[PDB]
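Below sits a lone chain in structure tokens, taken as the form deposited without 2-oxoglutaric acid.
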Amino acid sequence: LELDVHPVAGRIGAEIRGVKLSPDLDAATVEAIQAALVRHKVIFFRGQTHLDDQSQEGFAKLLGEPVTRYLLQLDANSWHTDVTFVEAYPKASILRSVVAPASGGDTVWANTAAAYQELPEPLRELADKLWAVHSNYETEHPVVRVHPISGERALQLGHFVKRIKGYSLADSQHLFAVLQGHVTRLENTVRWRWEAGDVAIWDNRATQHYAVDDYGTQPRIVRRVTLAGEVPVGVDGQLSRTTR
């Protein structure tokens, strides 16, 4: 099954046409969606005007286990991967625009697998060995996560990082600056301008995101379902662990 997929930026993001999202999509469409999600890191569905607080939650149930019973209304201008201060942080979120500012209000995603891949080999090798402490609850995650479906390596960083374990503060700051700077390099990002009825789904294991706070008092309302994820595994196979 080939969906009608239209890449949005060169290294991340794709719009999927011809699909009305619903709790009654079959296992095949769910699978082609999950595959697009893995390949493109964030996928977009426009015109899901037909969709409702309950029909979104039951679409979401098809992709994983939510963490209406689960649909959260939001009514975040810092680069982050969702909830990384816990061990088994979410694998994905499904986000629907309900009220969209007429100007401003965009979201940007970064591809943390592309960010890893473009590092020179010596720097990849260092990242492979690093651990970082994330806090809001404190958890140690490897800086490089091996993705449990695709096998792709991805940088696990973002604003919940308090320090790189084993380094002085100065060194921690520099090493984080280098690696996070590859994540947010423009080439690794896609920016989406929302219209009501849009739906984005992103793979939280291989992205970061940032909500642009340029819309002043214009109302902006989105509704999110977050899917439960796995404990990350590093390149050497060690698992993330909570510490505080």
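Sequential numbering from 1, following the sequence displayed.
The next section is about a form of this same protein that is not shown, the form solved in complex with 2-oxoglutaric acid.
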Practice problem: Answer with open or blocked: the shown chain lacks the ligand, so superimpose 2-oxoglutaric acid from its arrangement in the entry with it bound and check for 3 or more ligand atoms within 2.4 Å of backbone or C-beta atoms. | Solution: open
Quiz prompt | Stretch from 110 to 118, 80 to 88, 141 to 149, 127 to 135 whose residues place a heavy atom within 4.5 Å of 2-oxoglutaric acid in the entry with it bound | solution = 80 to 88
Quiz item: Quick one: is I16 in contact with 2-oxoglutaric acid in the entry with it bound, heavy atoms, 4.5 Å cut-off?
Solution: no
Self-check item: 2-oxoglutaric acid contact in the entry with it bound: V178, any heavy atom under 4.5 Å
Solution: no
Exercise. Using the partner position in the entry with it bound, report whether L95 sits within 4.5 Å of 2-oxoglutaric acid, counting heavy atoms only.
Key: yes
Practice problem: Considering only heavy atoms, tell me if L21 and 2-oxoglutaric acid come within 4.5 Å of each other in the entry with it bound. | Solution: no
Quiz item: Considering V30, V38, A211, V67, which brings a non-hydrogen atom within 4.5 Å of 2-oxoglutaric acid in the entry with it bound?
Solution: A211
Quiz item: Relative to 2-oxoglutaric acid in the entry with it bound, which residues of 211 to 230 have a heavy atom no more than 4.5 Å away?
Solution: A211, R220, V222, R224
